[PDB]
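**Q** what shape does this take:
(one chain, ligands or ions: 1)
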Amino acid sequence: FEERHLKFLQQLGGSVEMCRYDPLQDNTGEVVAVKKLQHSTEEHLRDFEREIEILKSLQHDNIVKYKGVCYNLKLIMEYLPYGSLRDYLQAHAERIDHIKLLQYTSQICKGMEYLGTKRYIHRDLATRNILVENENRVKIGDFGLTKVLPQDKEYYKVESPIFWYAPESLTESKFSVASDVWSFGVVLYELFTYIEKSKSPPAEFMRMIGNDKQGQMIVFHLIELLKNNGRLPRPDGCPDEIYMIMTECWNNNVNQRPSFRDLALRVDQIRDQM
Ligand SMILES: Cc1csc2c(Nc3cn(C)cn3)nc(N[C@@H](C)c3ncc(F)cn3)nc12
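**A** Residues are numbered from 1 along each chain as shown. You can find the structure just below:
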């Protein structure tokens, strides 16, 4: 990929831009998503190459396709036109029923189950990091915080998304498949809230902790709440069997948390019985 053939179309949200890769200047070229670093440091760059290597190594239906690179390093990916699942849910909620939410849920599990075989830990599972390809397919769209497990350990030690974090991630900075399972439970909760603003994991947890709590105190109070089995409530209209999956993902006992395999099967069964 050559920088002079990447035509700027728009800012998507380092930074992510929508470009046209048109080498033979005529607009026939394909529209791609381009990720680049804003405040490019030696440390920020070294993790970005690991992210590029992680994406290149991934070949799955529910994982955003790697296309190539561009050198001032730029990661070139396929363009998914409906944006993040977080935005798509807010926008088209009217055409999204519980069967559709479970179809998305299932796809997220399948993509996560695949990451697991590569011994990769996502660390940032949230609806904002899930992209919509079309009305029937979603993909994990960002791998910026993804880590590779040490060959001999089942975990890894590292601004963080605290309201999606497992207790051991908050207390010990320990990231594993089980902490990705914990976050999947938050993703499932987000889906069944349909991203109703007041019902988001930060909004709910803050109410439970006290909206008076500030900065450094919030984390300790969140750690305490989770330890005293305080949990996100059941979203309105959320089927009890779906809430039981969430609560099982939110087990304080890391080893008692379900596998992405079992989760996809359970979600697929509920979906069929619906
Ligand atoms: C409004 C909108 C419409 S399409 C789209 C999009 N598409 C995209 C991003 N990538 C990496 C591939 N296609 N990415 C983004 N934003 C970027 C930051 C993005 N990248 C990855 C992700 F998981 C979620 N969002 N917004 C939109």
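**Q** quick one, helices of the stretch 151-274 of the chain?
**A** 167-172, 177-193, 201-209, 216-227, 240-249, 260-273 (DSSP state H, counting those that start in this stretch).
**Q** who in the chain is up against the ligand?
**A** 12-13, 16, 33, 64, 77, 79-81, 83-84, 129-131, 141-142 (C-beta under 6 Å from any ligand atom). Just so you know, the C-beta spots here come from the backbone N, C-alpha and C atoms, and that holds for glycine as well.
**Q** and the residue of the stretch 151-274 of the chain nearest the ligand?
**A** Nearest residue of the stretch 151-274 of the chain to the ligand (C-beta to the nearest ligand atom) works out as residue 187 at 12.2 Å.
**Q** from residue 271, how far off is the one residue in the stretch 51-200 of the chain that gets nearest to the ligand?
**A** Among the residues of the stretch 51-200 of the chain, residue 141 lies closest to the ligand, at 2.5 Å counting by C-beta to the nearest ligand atom. Computed as C-beta to C-beta, to the nearest Å, the residue 141 to residue 271 distance reads 23 Å.
**Q** out of the two, which sits in the busier spot?
**A** Legend: neighbour count by other C-beta atoms under 10 Å for residue 141 and residue 271, higher for residue 141 (21 against 16).
**Q** could you find the closest non-adjacent residue to the more buried one?
**A** residue 131 (3.5 Å; C-beta to C-beta, 6 or more residues apart in numbering).
**Q** so the one you found: helix, strand or coil?
**A** What DSSP: H, G, I helix; E, B strand; the rest coil gives for residue 131 is strand.
**Q** correct me if wrong: it contacts residue 81.
**A** No: applying C-beta atoms under 8 Å, one finds residue 131 not in contact with residue 81, separated by 9.1 Å.
**Q** who's more crowded, the two?
**A** residue 131 (27 against 10).
**Q** residues in contact with the more buried one?
**A** 64, 80, 82-85, 138-141 (C-beta atoms under 8 Å, 6 or more residues apart in numbering).
**Q** can you tell me how far it sits from residue 59?
**A** 17 Å.
**Q** now swap in residue 223 and tell me
**A** 38 Å.
**Q** all strands of the stretch 51-200 of the chain, in order?
**A** Secondary structure of the stretch 51-200 of the chain (DSSP state E, counting those that start in this stretch): strands located at 66-70, 74-78, 120-121, 130-134, 137-140, 147-148, 156-157, 174-175.
**Q** sheet partners, orientation included, of the last one?
**A** Which is strand 174-175. If you go by DSSP bridges, strand 174-175 pairs up with strand 156-157 (antiparallel).
**Q** tell me the centre residue of the chain?
**A** For the chain, the residue nearest the mean C-alpha position is residue 125 (2.8 Å; C-alpha atoms, centre = their mean).
**Q** measure that one to residue 177 for me?
**A** 11 Å.
**Q** so which of the helices of the stretch 151-274 of the chain is the most surrounded?
**A** helix 177-193 (a mean of 25; mean count of other C-beta atoms under 10 Å).
**Q** run through the neighbouring helices and strands of that helix.
**A** For helix 177-193, the packing partners by 3 or more C-beta pairs under 8 Å, 6 or more residues apart in numbering; DSSP states H and E come out as helix 85-92, helix 98-117, strand 120-121, helix 167-172, helix 201-209, helix 240-249, helix 260-273.
**Q** quick one: closest of these to residue 149.
**A** Closest to residue 149 of the helices and strands packed on helix 177-193, according to C-beta to C-beta: strand 120-121, at 6.3 Å.
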